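Inspection log for the structure reproduced underneath, given as structure tokens.
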Amino acid sequence: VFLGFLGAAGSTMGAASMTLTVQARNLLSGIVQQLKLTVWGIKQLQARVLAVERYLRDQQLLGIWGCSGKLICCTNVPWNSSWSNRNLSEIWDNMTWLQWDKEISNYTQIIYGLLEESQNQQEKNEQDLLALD
Amino acid sequence: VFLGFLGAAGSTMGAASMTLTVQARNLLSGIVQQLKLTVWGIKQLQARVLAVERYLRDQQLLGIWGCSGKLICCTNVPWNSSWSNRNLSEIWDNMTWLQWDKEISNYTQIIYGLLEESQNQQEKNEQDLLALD
Amino acid sequence: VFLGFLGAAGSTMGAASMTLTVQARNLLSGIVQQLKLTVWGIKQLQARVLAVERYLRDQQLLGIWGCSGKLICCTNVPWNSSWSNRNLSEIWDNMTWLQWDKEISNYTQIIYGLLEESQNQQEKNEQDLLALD
Amino acid sequence: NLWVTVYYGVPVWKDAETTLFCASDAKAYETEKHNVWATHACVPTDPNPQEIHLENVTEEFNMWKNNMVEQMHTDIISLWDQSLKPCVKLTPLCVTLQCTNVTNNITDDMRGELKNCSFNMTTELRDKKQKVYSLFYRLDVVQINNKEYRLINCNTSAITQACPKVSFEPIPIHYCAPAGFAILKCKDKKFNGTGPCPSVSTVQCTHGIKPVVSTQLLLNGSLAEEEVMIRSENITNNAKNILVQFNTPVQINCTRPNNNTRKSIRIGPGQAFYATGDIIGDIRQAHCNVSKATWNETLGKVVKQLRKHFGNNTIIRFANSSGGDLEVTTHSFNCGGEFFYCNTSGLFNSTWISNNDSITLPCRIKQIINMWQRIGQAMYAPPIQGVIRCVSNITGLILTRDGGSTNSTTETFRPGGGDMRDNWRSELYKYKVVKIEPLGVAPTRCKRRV
Amino acid sequence: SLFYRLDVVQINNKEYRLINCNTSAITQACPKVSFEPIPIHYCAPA
Amino acid sequence: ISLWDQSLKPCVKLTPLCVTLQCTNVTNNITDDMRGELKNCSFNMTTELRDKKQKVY
Ligand SMILES: *[C@@H]1O[C@H](CO)[C@@H](O[C@@H]2O[C@H](CO)[C@@H](O[C@@H]3O[C@H](CO[C@H]4O[C@H](CO)[C@@H](O)[C@H](O[C@H]5O[C@H](CO)[C@@H](O)[C@H](O)[C@@H]5O)[C@@H]4O)[C@@H](O)[C@H](O[C@H]4O[C@H](CO)[C@@H](O)[C@H](O)[C@@H]4O[C@H]4O[C@H](CO)[C@@H](O)[C@H](O)[C@@H]4O)[C@@H]3O)[C@H](O)[C@H]2NC(C)=O)[C@H](O)[C@H]1NC(C)=O
Ligand SMILES: *[C@@H]1O[C@H](CO)[C@@H](O[C@@H]2O[C@H](CO)[C@@H](O[C@@H]3O[C@H](CO[C@H]4O[C@H](CO)[C@@H](O)[C@H](O)[C@@H]4O)[C@@H](O)[C@H](O[C@H]4O[C@H](CO)[C@@H](O)[C@H](O)[C@@H]4O)[C@@H]3O)[C@H](O)[C@H]2NC(C)=O)[C@H](O)[C@H]1NC(C)=O
Ligand SMILES: *[C@@H]1O[C@H](CO)[C@@H](O[C@@H]2O[C@H](CO)[C@@H](O[C@@H]3O[C@H](CO)[C@@H](O)[C@H](O)[C@@H]3O)[C@H](O)[C@H]2NC(C)=O)[C@H](O)[C@H]1NC(C)=O
Ligand SMILES: *[C@@H]1O[C@H](CO)[C@@H](O[C@@H]2O[C@H](CO)[C@@H](O[C@@H]3O[C@H](CO)[C@@H](O)[C@H](O)[C@@H]3O)[C@H](O)[C@H]2NC(C)=O)[C@H](O)[C@H]1NC(C)=O
Ligand SMILES: *[C@@H]1O[C@H](CO)[C@@H](O[C@@H]2O[C@H](CO)[C@@H](O[C@@H]3O[C@H](CO)[C@@H](O)[C@H](O)[C@@H]3O)[C@H](O)[C@H]2NC(C)=O)[C@H](O)[C@H]1NC(C)=O
Ligand SMILES: *[C@@H]1O[C@H](CO)[C@@H](O[C@@H]2O[C@H](CO)[C@@H](O[C@@H]3O[C@H](CO)[C@@H](O)[C@H](O)[C@@H]3O)[C@H](O)[C@H]2NC(C)=O)[C@H](O)[C@H]1NC(C)=O
Ligand SMILES: *[C@@H]1O[C@H](CO)[C@@H](O[C@@H]2O[C@H](CO)[C@@H](O[C@@H]3O[C@H](CO)[C@@H](O)[C@H](O)[C@@H]3O)[C@H](O)[C@H]2NC(C)=O)[C@H](O)[C@H]1NC(C)=O
Ligand SMILES: *[C@@H]1O[C@H](CO)[C@@H](O[C@@H]2O[C@H](CO)[C@@H](O[C@@H]3O[C@H](CO)[C@@H](O)[C@H](O)[C@@H]3O)[C@H](O)[C@H]2NC(C)=O)[C@H](O)[C@H]1NC(C)=O
Ligand SMILES: *[C@@H]1O[C@H](CO)[C@@H](O[C@@H]2O[C@H](CO)[C@@H](O)[C@H](O)[C@H]2NC(C)=O)[C@H](O)[C@H]1NC(C)=O
Ligand SMILES: *[C@@H]1O[C@H](CO)[C@@H](O[C@@H]2O[C@H](CO)[C@@H](O)[C@H](O)[C@H]2NC(C)=O)[C@H](O)[C@H]1NC(C)=O
Ligand SMILES: *[C@@H]1O[C@H](CO)[C@@H](O[C@@H]2O[C@H](CO)[C@@H](O)[C@H](O)[C@H]2NC(C)=O)[C@H](O)[C@H]1NC(C)=O
Ligand SMILES: *[C@@H]1O[C@H](CO)[C@@H](O[C@@H]2O[C@H](CO)[C@@H](O)[C@H](O)[C@H]2NC(C)=O)[C@H](O)[C@H]1NC(C)=O
Ligand SMILES: *[C@@H]1O[C@H](CO)[C@@H](O[C@@H]2O[C@H](CO)[C@@H](O)[C@H](O)[C@H]2NC(C)=O)[C@H](O)[C@H]1NC(C)=O
Ligand SMILES: *[C@@H]1O[C@H](CO)[C@@H](O[C@@H]2O[C@H](CO)[C@@H](O)[C@H](O)[C@H]2NC(C)=O)[C@H](O)[C@H]1NC(C)=O
Ligand SMILES: *[C@@H]1O[C@H](CO)[C@@H](O[C@@H]2O[C@H](CO)[C@@H](O)[C@H](O)[C@H]2NC(C)=O)[C@H](O)[C@H]1NC(C)=O
Ligand SMILES: *[C@@H]1O[C@H](CO)[C@@H](O[C@@H]2O[C@H](CO)[C@@H](O)[C@H](O)[C@H]2NC(C)=O)[C@H](O)[C@H]1NC(C)=O
Ligand SMILES: *[C@@H]1O[C@H](CO)[C@@H](O)[C@H](O)[C@H]1NC(C)=O
Ligand SMILES: *[C@@H]1O[C@H](CO)[C@@H](O)[C@H](O)[C@H]1NC(C)=O
């Protein structure tokens with residue numbers, strides 16, 4: 001369904017689970033076009049550099065959690081329940097993304113580290129192992 | 001054959017179909033190196049930011065038409081003939097890229113939308129389906 | 001082993017062969033945050049643009065040597081021994097990356113060209129061949 | 001069960017600060033110091049201001065803790081700056097002026113209101129000097145100890161005459177947000193100013209915001225709907241300001257009915273100064289008309305709304321401001337290029353119980369304006385030639401309380417302020433910037449662990 | 001000083017002045033740049 | 001260097017000081033353990049008004 005930019009903000013997470021691209025497109029705004037010092041000129045350029053910098057930070061994060069085939073990354077290792085344990089219906093029948101981030105805001109830096117370290121290192125050097133026969 | 005930058009401009013599209021990388025390399029010019037206001041300084045920086053901005057716009061487009069394994073993307077869905085229907089020989093034995101873009105210049109924004117929406121959404125959530133068994 | 005940024009500099013190449021990500025993370029420094037002309041302002045921005053420019057140059061190189069699944073690219077074609085022929089133990093039991101680059105510094109631009117041309121063109125148009133049946 | 005999953009494209013934001021750049025339309029032509037205002041370096045707006053109402057959303061806003069007002073205020077200062085870097089620096093004016101009266105109508109219905117001053121001045125040649133003369137509004141000339149007078153801001157600031165190419169006509173400015181951000185607009189017709197707005201929308205960037213400079217009276221602003229809202233973080237506090245916002249554009253007609261003459265004096269080389277050559281025409285007094293009926297009725301609507309914060313058992317009094325600096329005592333604003341200071345006693349002069357004709361406002365005209373209460377800086381508007389006739393809405397109000405002594409029924413409110421950032425908060429109250437984090441971690445039956 | 005009579009103007013010995021003065025300001029170039037045109041290469045960004 | 005510069009762009013330019021100074025000695029301790037080390041100078045100077053001047057010291 002064509003919601004639009006943030007169009008699924010007022011929807012359960014599984015609802016927004018289909019409209020991901022619409023936000024991604026707005027990460028350059030195309031034509032933007034945005035002359036001496038020119039107040040609003042420095043602003044224009046500082047804006048664009050901020051935008052690409054922002055974009056590249058997270059694209060880097062995804063490079064690290066090596067998927068690049070984004071919107072979905074899935075492996076076969078279980079998940080830790082300690083971090084605000086909740087039910088399936090408590091998420092998909094009871095929560096939208098907004099309310100969800102309020103609760104998950106604590107464990108982010110934790111999760112970043114192990115998704116970074118564990119799979120990258122394990123999937124590493126096994127390709128090195130199978131590069132023999 | 002080592003044509004060079006745009007070296008296959010005067011060639012049928014299938015001819016240029018082998019020299020794609022040569023243009024891609026020129027998308028940073030390396031050493032470029034291009035101090036107060038310094039007319040040509042603002043020019044230098046505004047140039048570089050324009051370059052990476054340009055690069056990232058299209059790299060984004062390719063991110064959306066999710067391939068990233070560029071120069072070729074192919075699926076198994078048919079193609080619409082309505083848009084300036086022509087023959088195979090009318091393209092490879094009768095046309096170079098230059099003449100081709102003149103004719104295709106109308107349907108671009110159309111094509112962008114469905115290549116963006118259709119395959120992304122269909123290939124989406126099926127990975128979600130096969131993440132069960 | 002958690003060495004850290006460049007932490008495996010004083011180690012054989014196979015040792016550093018596990019700590020690759022740690023340098024990659026430092027390619028944006030996150031919070032950096034780095035107002036009129038403001039000496040150190042122009043410096044800040046010129047720095048950030050230099051950083052992303054640097055990043056994108058090599059990411060481009062990797063785009064060309066089309067892997068994007070980085071840290072390892074491997075095919076089945078032999079390798080030329082002419083370029084400073086050495087032994088396996090002469091590398092993994094006798095050399096760290098530092099000492100290695102001193103010796104390989106000559107053949108870089110050579111290697112870049114064939115890794116760019118050969119596999120890209122061969123793996124090209126064969127996908128075009130198998131797009132028939 | 002529930003297991004870990006990564007998504008990209010997750011429509012989630014955070015409260016944040018970032019920089020916002022201008023977006024305008026191509027109408028950049030005027031005649032006082034550069035351009036239109038500053039806005040010709042602006043990027044042209046999209047011809048389709050795309051919006052989208054967001055169903056089901058509830059986000060708390062804080063029109064009193066918003067940051068966009070801050071960026072906006074600094075940028076408007078700086079744009080005024082940049083318009084004032086390149087034109088003539090009028091330092092050699094600060095000279096002893098020989099002034100006499102301008103004998104206005106006998107006996108006095110202009111009381112002069114302007115003095116006739118001759119003075120020495122440099123020439124094209126850094127040599128034998130010249131004696132010129134000009135007419136100055138006695139509100140910007142000061143004595144010493146005919147009598148010798150001088151410019152007011154001189155012993156404190158430098159002065160910088162705007163040349164004749166920019167305007168001061170406010171042009172709709174569109175604050176636009178750089179990619180990766182978003183602008184939230186509270187769509188709720190009934191909104192206090194803060195707290196959770198239920199009906200909201202997202203836009204790529206805002207509407208045209210006439211950046212008018214005004215005091216005590218929101219001019220040309222936006223209008224409220226179905227009511228006349230009242231906004232302030234702590235009404236029960238007497239140290240905030242009450243932001244009233246009308247439903248009905250109460251007209252006001254202001255004019256300067258003189259045919260004034262521009263006399264050019266060369267402060268050579270190449271720099272030229274525009275003095276008031278003379279005044280011809282009907283020498284009335286600069287003023288503003290307002291339909292008494294609509295003002296009284298609408299201010300009664302205000303009576304209702306002020307009551308709703310203080311009880312149907314009260315009496316409210318509107319008095320004029322209690323004196324002080326000129327820039328706060330009056331409805332100061334800019335209009336046709338000129339700068340008007342209207343005394344508003346004739347508009348807050350009434351106590352109100354629990355339950356054409358037109359009003360004339362006599363305004364004075366200032367020249368050496370000190371903008372944004374900043375000292376050390378001084379723009380010098382040039383005498384705008386011709387007759388000035390300038391019409392406007394008044395959509396809101398900015399009031400100050402003094403009560404909570406024997407606080408039962410009789411409260412007295414007077415107008416004032418002096419910070420434009422109030423003006424600015426009155427149109428950005430519906431707006432809030434959010435940073436987007438298209439990275440997302442969430443559980444589904446995709447699986448990874450520690 | 002000696003001035004080329006092509007850049008001095010009269011009034012009404014006789015008193016004269018610089019020509020661009022009653023219209024423009026003047027800005028003596030100091031002695032380090034040249035005016036010798038040097039080959040400029042307009043280069044195009046990537 | 002440049003930061004020193006930028007700190008010195010925006011504050012007062014003291015050109016009209018370079019004026020003929022009327023200086024005498026500052027009679028420091030008799031006979032001399034400061035040898036003056038400072039002179040007492042009065043001078044003409046411009047005013048707020050580009051007009052009748054002032055005599056400061
Ligand atoms: C709240 O918002 C409202 C709107 O929502 C604002 O109302 C605006 O108020 C201003 C101030 O007066 C109006 O702008 C000025 O109007 C002057 C009056 O001229 C008009 O009437 C005459 C006679 O009926 C008409 O002939 C004019 O029409 C012609 O002129 C205009 C403008 O040139 C053209 O656009 C038309 O196509 C006609 O050709 C007007 O209708 C008018 O003199 C003035 O024009 C000068 O100023 C502008 C900008 O300042 C310059 O770009 C322009 O070139 C003129 O300036 C040069 O020309 C004069 C000629 O003598 C010289 O003397 C100057 O020195 C200079 O060289 C301008 O149009 C405006 O019209 C009005 N809004 C609307 C929608 O009407 C309120 O101001 C605002 N609140 C406050 C507090 O300001
Ligand atoms: C600031 O100044 C401006 C201009 O001076 C004022 O704008 C005027 O506002 C008045 C008030 O409404 C308008 O007057 C009314 O106009 C109506 C519509 O105009 C038609 O009729 C007139 C003839 O009156 C024609 O000339 C015109 O072409 C239109 O066809 C009329 O219907 C009104 O007349 C009715 O009421 C009067 C009572 O006053 C009766 O005597 C009539 O018989 C009739 O019943 C009236 O004329 C006026 O039109 C506006 N100006 C213009 C140019 O249109 C602002 O109001 C003023 N603001 C303030 C605060 O002072
Ligand atoms: C600048 O303008 C002022 C007035 O605006 C002029 O001031 C006048 O200056 C003259 C001297 O040039 C004064 O004359 C003096 O008179 C006294 C007493 O008569 C006499 O003793 C002096 O010897 C001298 O002649 C004159 O009084 C004074 N007038 C006023 C009103 O202050 C001044 O001349 C102008 N300067 C230039 C360069 O145009
Ligand atoms: C908005 O401003 C008002 C003041 O006009 C704030 O009310 C003031 O709150 C303080 C403490 O929060 C009170 O101090 C103490 O209050 C108690 C109980 O009222 C009293 O017994 C003490 O003697 C002492 O005064 C103060 O009295 C009170 N004043 C008024 C007029 O109510 C109010 O808190 C502000 N809003 C918010 C949200 O804080
Ligand atoms: C401000 O006051 C000055 C006086 O200090 C006024 O200047 C003088 O105004 C009179 C008439 O108002 C002009 O009179 C003319 O004098 C000439 C020569 O004497 C005579 O031939 C004419 O028939 C006429 O009588 C006089 O020129 C003028 N002086 C100057 C230097 O301009 C001035 O008019 C006052 N300002 C205003 C706006 O009224
Ligand atoms: C703003 O406008 C108001 C009027 O709208 C001005 O107030 C007026 O001020 C005069 C002089 O102070 C008051 O006159 C008084 O009259 C009595 C009785 O004759 C006399 O005994 C007093 O000594 C005084 O002369 C006048 O009543 C008063 N008007 C009102 C309605 O209060 C005010 O001065 C203006 N202020 C500014 C800054 O424009
Ligand atoms: C707002 O309205 C009030 C009431 O009309 C004005 O206050 C009045 O202002 C006048 C002067 O403007 C005061 O006159 C007094 O005269 C004595 C004796 O000469 C003098 O010594 C005082 O300094 C003062 O000027 C009058 O007392 C005062 N009355 C009240 C009740 O405030 C006020 O001026 C108006 N302001 C504006 C901006 O409209
Ligand atoms: C600036 O300060 C200097 C001293 O620091 C002052 O210099 C004095 O200038 C006056 C003229 O205004 C000189 O008077 C002259 O005296 C000679 C001989 O007595 C006489 O022939 C002249 O006609 C004239 O009256 C005085 O000698 C001189 N003093 C010194 C020590 O140089 C000057 O007056 C000050 N200027 C201002 C505008 O304050
Ligand atoms: C699942 O998460 C819990 C906490 O959220 C982890 O508990 C940690 O255990 C280590 C090892 O004893 C302690 O050093 C930490 O202090 C514990 N965490 C906290 C917050 O106290 C638990 O280890 C995680 N599961 C696994 C398998 O490691
Ligand atoms: C192939 O392209 C044609 C036009 O290029 C499409 O025709 C559209 O059909 C829809 C549905 O009736 C209309 O709303 C449009 O107006 C048509 N296009 C034009 C340009 O008029 C056709 O639908 C496309 N093929 C498919 C399978 O959709
Ligand atoms: C392996 O590398 C050697 C040199 O490092 C290559 O030798 C080149 O051979 C070509 C063809 O005769 C000559 O034109 C070059 O001059 C030779 N190189 C040098 C440095 O002289 C050799 O060709 C490479 N292996 C293969 C299979 O091409
Ligand atoms: C802000 O709006 C609210 C209602 O939308 C006004 O009253 C609130 O009332 C609830 C009870 O239903 C209280 O819990 C809130 O604390 C109240 N809001 C505030 C800000 O205190 C409120 O009056 C409005 N704010 C102002 C300043 O008028
Ligand atoms: C306003 O006056 C009314 C009656 O004069 C007071 O009574 C309220 O009236 C409103 C009707 O608009 C009802 O919705 C309320 O339920 C009534 N409440 C009570 C307690 O009578 C009302 O209290 C007055 N409001 C204020 C703020 O004083
Ligand atoms: C302001 O309100 C007052 C009181 O309602 C009006 O009455 C004037 O009060 C002053 C007080 O000394 C008297 O001097 C005046 O004579 C009164 N007016 C008249 C017409 O006699 C006053 O008219 C109101 N004025 C305005 C401008 O609102
Ligand atoms: C005050 O604001 C109103 C807003 O309604 C302006 O009214 C506009 O008037 C013109 C012509 O009368 C209409 O074409 C517009 O549609 C009106 N606006 C709206 C939103 O409907 C009015 O112009 C403003 N005051 C002045 C003096 O311009
Ligand atoms: C003012 O200070 C100077 C600084 O040395 C004193 O110097 C005099 O210089 C002259 C040269 O012409 C010598 O003849 C004197 O002997 C020096 N004086 C001394 C004390 O050594 C000068 O004396 C000082 N003047 C006064 C009045 O104190
Ligand atoms: C997150 O951490 C804050 C820090 O105190 C805490 O108040 C909050 O309850 C925590 N929420 C969850 C879901 O852990
Ligand atoms: C305004 O109207 C009300 C009634 O509608 C009246 O009581 C009041 O006196 C009027 N205002 C004035 C200044 O007379």
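Each chain in the structure tokens gets a letter, A, B and so on, in the order shown; residues start at 1 in every chain, and ligands are counted from 1 in the order they appear.
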Counting only C-alpha atoms, which residues in chain C sit no more than 12 Å from chain D? For each one, give the nearest pair of atoms and the distance in Å, sorted by chain then residue number, as a tab-separated table.
```
residue	atom	partner	partner_atom	distance
C:33	CA	D:18	CA	11.4
C:35	CA	D:74	CA	10.3
C:36	CA	D:78	CA	10.0
```
Next on the checklist: If the limit is 12 Å from any atom of ligand 18, counting only C-alpha atoms and all ligand atoms, which residues qualify? Return them as a PyMOL selection string.
Outcome noted: chain D and resi 291-303+318+346-355+357-359
Just N, CA, C and O atoms for this one: save the residues we selected as a CSV table (one decimal), in the first residue's frame.
```csv
chain,number,residue,atom,x,y,z
D,291,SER,N,-10.8,49.3,12.1
D,291,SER,CA,-12.3,49.3,12.3
D,291,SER,C,-12.6,49.0,13.8
D,291,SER,O,-12.3,47.9,14.2
D,292,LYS,N,-13.1,50.0,14.5
D,292,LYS,CA,-13.3,49.8,15.9
D,292,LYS,C,-14.2,48.6,16.2
D,292,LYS,O,-14.0,47.9,17.2
D,293,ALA,N,-15.2,48.4,15.3
D,293,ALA,CA,-16.2,47.3,15.6
D,293,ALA,C,-15.5,45.9,15.7
D,293,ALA,O,-15.7,45.2,16.6
D,294,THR,N,-14.7,45.6,14.6
D,294,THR,CA,-14.1,44.3,14.6
D,294,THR,C,-13.1,44.1,15.7
D,294,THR,O,-13.0,43.1,16.3
D,295,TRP,N,-12.3,45.2,16.0
D,295,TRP,CA,-11.4,45.1,17.1
D,295,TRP,C,-12.1,44.8,18.4
D,295,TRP,O,-11.6,43.9,19.2
D,296,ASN,N,-13.2,45.5,18.7
D,296,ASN,CA,-13.8,45.3,19.9
D,296,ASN,C,-14.4,43.9,20.0
D,296,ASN,O,-14.3,43.2,21.0
D,297,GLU,N,-15.1,43.4,18.9
D,297,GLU,CA,-15.7,42.1,19.0
D,297,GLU,C,-14.6,41.0,19.1
D,297,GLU,O,-14.8,40.1,20.0
D,298,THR,N,-13.6,41.1,18.4
D,298,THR,CA,-12.5,40.1,18.4
D,298,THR,C,-11.8,40.1,19.8
D,298,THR,O,-11.5,39.1,20.3
D,299,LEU,N,-11.6,41.3,20.3
D,299,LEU,CA,-11.0,41.3,21.6
D,299,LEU,C,-11.9,40.8,22.7
D,299,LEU,O,-11.5,40.3,23.7
D,300,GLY,N,-13.2,40.8,22.4
D,300,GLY,CA,-14.2,40.1,23.3
D,300,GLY,C,-14.0,38.6,23.2
D,300,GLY,O,-14.1,37.9,24.2
D,301,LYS,N,-13.8,38.1,22.0
D,301,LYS,CA,-13.5,36.7,21.8
D,301,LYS,C,-12.2,36.4,22.7
D,301,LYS,O,-12.2,35.4,23.4
D,302,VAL,N,-11.3,37.3,22.6
D,302,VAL,CA,-10.1,37.2,23.5
D,302,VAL,C,-10.5,37.2,25.0
D,302,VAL,O,-9.9,36.5,25.8
D,303,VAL,N,-11.5,38.0,25.3
D,303,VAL,CA,-12.0,38.0,26.7
D,303,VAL,C,-12.4,36.6,27.1
D,303,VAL,O,-12.1,36.1,28.2
D,318,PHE,N,-7.1,45.4,30.0
D,318,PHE,CA,-6.0,45.7,29.0
D,318,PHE,C,-5.6,47.1,29.2
D,318,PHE,O,-6.4,48.0,28.9
D,346,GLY,N,-4.4,53.6,22.4
D,346,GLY,CA,-5.8,53.5,21.8
D,346,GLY,C,-6.2,52.1,21.5
D,346,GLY,O,-7.2,51.9,20.8
D,347,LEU,N,-5.5,51.1,22.0
D,347,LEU,CA,-6.0,49.7,21.8
D,347,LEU,C,-6.1,48.8,23.0
D,347,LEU,O,-6.7,47.8,23.0
D,348,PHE,N,-5.4,49.2,24.1
D,348,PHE,CA,-5.5,48.5,25.4
D,348,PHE,C,-5.9,49.5,26.5
D,348,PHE,O,-5.0,49.9,27.2
D,349,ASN,N,-7.2,49.8,26.6
D,349,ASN,CA,-7.6,50.9,27.4
D,349,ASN,C,-9.0,50.5,28.0
D,349,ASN,O,-9.9,51.2,28.0
D,350,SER,N,-9.1,49.2,28.5
D,350,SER,CA,-10.5,48.8,28.8
D,350,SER,C,-10.4,47.7,29.8
D,350,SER,O,-9.6,46.7,29.7
D,351,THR,N,-11.2,47.8,30.9
D,351,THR,CA,-11.5,46.7,31.8
D,351,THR,C,-12.8,46.0,31.4
D,351,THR,O,-13.7,46.7,30.8
D,352,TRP,N,-12.9,44.7,31.6
D,352,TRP,CA,-14.0,43.9,31.1
D,352,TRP,C,-14.5,43.0,32.2
D,352,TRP,O,-13.8,42.2,32.8
D,353,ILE,N,-15.8,43.1,32.4
D,353,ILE,CA,-16.5,42.4,33.5
D,353,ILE,C,-16.7,41.0,33.2
D,353,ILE,O,-16.3,40.5,32.1
D,354,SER,N,-17.1,40.2,34.2
D,354,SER,CA,-17.3,38.8,34.0
D,354,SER,C,-18.3,38.5,32.8
D,354,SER,O,-18.1,37.6,32.1
D,355,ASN,N,-19.3,39.3,32.7
D,355,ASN,CA,-20.3,39.2,31.6
D,355,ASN,C,-21.1,40.4,31.4
D,355,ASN,O,-22.3,40.4,31.5
D,357,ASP,N,-17.5,53.7,13.3
D,357,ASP,CA,-16.3,54.5,13.3
D,357,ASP,C,-15.0,53.6,13.4
D,357,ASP,O,-15.1,52.4,13.5
D,358,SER,N,-13.9,54.3,13.3
D,358,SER,CA,-12.6,53.6,13.4
D,358,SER,C,-11.7,54.2,14.4
D,358,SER,O,-11.8,55.4,14.7
D,359,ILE,N,-10.7,53.5,14.9
D,359,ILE,CA,-9.7,53.9,15.8
D,359,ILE,C,-8.5,54.4,15.1
D,359,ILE,O,-8.0,53.7,14.2
```
Next on the checklist: With only C-alpha atoms considered, list every residue of chain C at most 9 Å from chain A, as a PyMOL selection string.
Outcome noted: chain C and resi 17-19+21+24-25+27-30+36-37+45+48-49+52+68-72+74
Next on the checklist: Quick check: residues of chain F within 12 Å of chain C, only C-alpha atoms, returned as number ranges by chain.
Outcome noted: F: 1-7, 9
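The nearest approach to chain B among the residues E:42, E:16, E:35, E:4, with only C-alpha atoms taken into account, belongs to E:42.
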Checklist entry - What is the distance between CA of residue 121 (chain D) and atom 6 (C, counted along the ligand's line) of ligand 8, in Å to one decimal? => result 24.0 Å
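Near chain B, the residues of chain E that fall inside 12 Å (using only C-alpha atoms) are residues 40, 42, 43, 44, 45 and 46 of chain E.
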Item to check | Surroundings of ligand 17 up to 12 Å, based on only C-alpha atoms and all ligand atoms, as a ChimeraX atom specification | outcome: /A:82-86,99-108
Next on the checklist: To check your reading of the model: which residues sit at most 6 Å from ligand 13 when counting only C-alpha atoms and all ligand atoms? Write the answer as a list in words.
Outcome noted: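 Those within range of ligand 13 are residues 308, 311, 312 and 313 of chain D.
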Output of the above residues as a compact mmCIF listing (two decimals), in the first residue's frame, restricted to N, CA, C and O atoms:
```txt
# COMPACT_ATOMS: atom_id res chain seq x y z
N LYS D 308 -11.15 31.54 29.96
CA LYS D 308 -11.05 30.08 30.05
C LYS D 308 -9.79 29.62 30.75
O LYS D 308 -9.69 28.44 31.10
N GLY D 311 -11.16 31.51 34.79
CA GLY D 311 -12.43 31.36 35.47
C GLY D 311 -13.48 32.35 35.04
O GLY D 311 -13.19 33.54 34.85
N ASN D 312 -14.72 31.87 34.90
CA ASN D 312 -15.81 32.73 34.46
C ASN D 312 -16.22 33.74 35.53
O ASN D 312 -17.25 34.39 35.38
N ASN D 313 -15.43 33.86 36.60
CA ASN D 313 -15.73 34.76 37.70
C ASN D 313 -14.70 35.89 37.84
O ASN D 313 -14.37 36.29 38.96
```
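Residue list for chain D within 12 Å of chain E: residues 123, 124, 125, 126, 127, 266, 267, 268, 269, 270, 271 and 272 of chain D, counting only C-alpha atoms.
Where the distance criterion is 7 Å and the atoms used are only C-alpha atoms and all ligand atoms, the residues close to ligand 1 are residues 29, 30, 31, 167, 168, 169, 219, 220, 333, 334, 335, 336, 337, 384, 385, 386, 388, 389, 390, 391, 392 and 393 of chain D.
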Next on the checklist: Could you list, as JSON, numbers by chain, every residue within 6 Å of region 41-52 of chain F, counting only C-alpha atoms and ignoring same-chain residues fewer than 6 positions away?
Outcome noted: {"D": [94, 95, 155], "F": [21, 22, 23]}
Checklist entry - Could you pull out all residues of region 28-130 of chain C with a DSSP call of alpha helix (DSSP H) and give them as a ChimeraX atom specification? => result /C:41-64,89-92,97-104,108-114,120-123,126-129
Next on the checklist: Hey, which residues sit close to ligand 6? Say within 12 Å, counting only C-alpha atoms and all ligand atoms, and write them as a ChimeraX atom specification.
Outcome noted: /D:139,287,319-332,341-350,359-365
